[PDB]
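Number 49 in our numbering belongs to position 31 of the sequence shown; there are no gaps in the numbering.
Ideal placement from N, C-alpha and C gives every residue a C-beta, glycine not left out.
These notes concern the structure reproduced below.
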Amino acid sequence: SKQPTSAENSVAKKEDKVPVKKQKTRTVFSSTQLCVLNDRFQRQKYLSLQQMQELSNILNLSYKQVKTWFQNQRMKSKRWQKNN
Numbered sequence: 019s020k021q022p023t024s025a026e027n028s029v030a031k032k033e034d035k036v037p038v039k040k041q042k043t044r045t046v047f048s049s050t051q052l053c054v055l056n057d058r059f060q061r062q063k064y065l066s067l068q069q070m071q072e073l074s075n076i077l078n079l080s081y082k083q084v085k086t087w088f089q090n091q092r093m094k095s096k097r098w099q100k101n102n
């Protein structure tokens, strides 16, 4: 696999350029993570079973969280995205 613990594309681009509007949704994702996610999804095919645990360690998040985020964005194409 590819374990991207380092060597990223420093500042690729952002899909969102909306500087803090509509208030805060309590929990939020940073453009830093978003950029890395989008870059890696463009450079690679997707996140593999191992890659999600790597990513989890890098962003100091949980494997349960990283997997669920991916599967939600994955399944939205077939069913729909859910916040729960």
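Item                                                                                                                                           : Value
Where do the ends of the alpha helix (DSSP H) carrying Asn75 lie?                                                                              : 67-76
Decide if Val29 is buried, meaning its Cβ has at least 16 other Cβ atoms within 10 Å, or exposed.                                              : exposed
To the nearest angstrom, how far is it from the Cα of residue 109 to the Cα of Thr86?                                                          : Lying before the first or after the last residue shown, residue 109 is absent from the chain, which here runs from 19 to 102.
Quick check on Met70: buried or exposed, where buried means 16 or more other Cβ atoms within 10 Å of its Cβ?                                   : buried
Buried or exposed for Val84, going by 16 or more other Cβ atoms inside 10 Å?                                                                   : buried
Is the segment 43-52 in contact with the segment 91-99, if contact means three or more CB pairs nearer than 8 Å?                               : no
What does the Cβ neighbour count give for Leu52, buried or exposed, with the cut at 16 atoms within 10 Å?                                      : exposed
Ordered along the chain, which non-local residues of its own chain (more than five positions away) have a Cβ less than 8 Å from that of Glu33? : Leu52, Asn56
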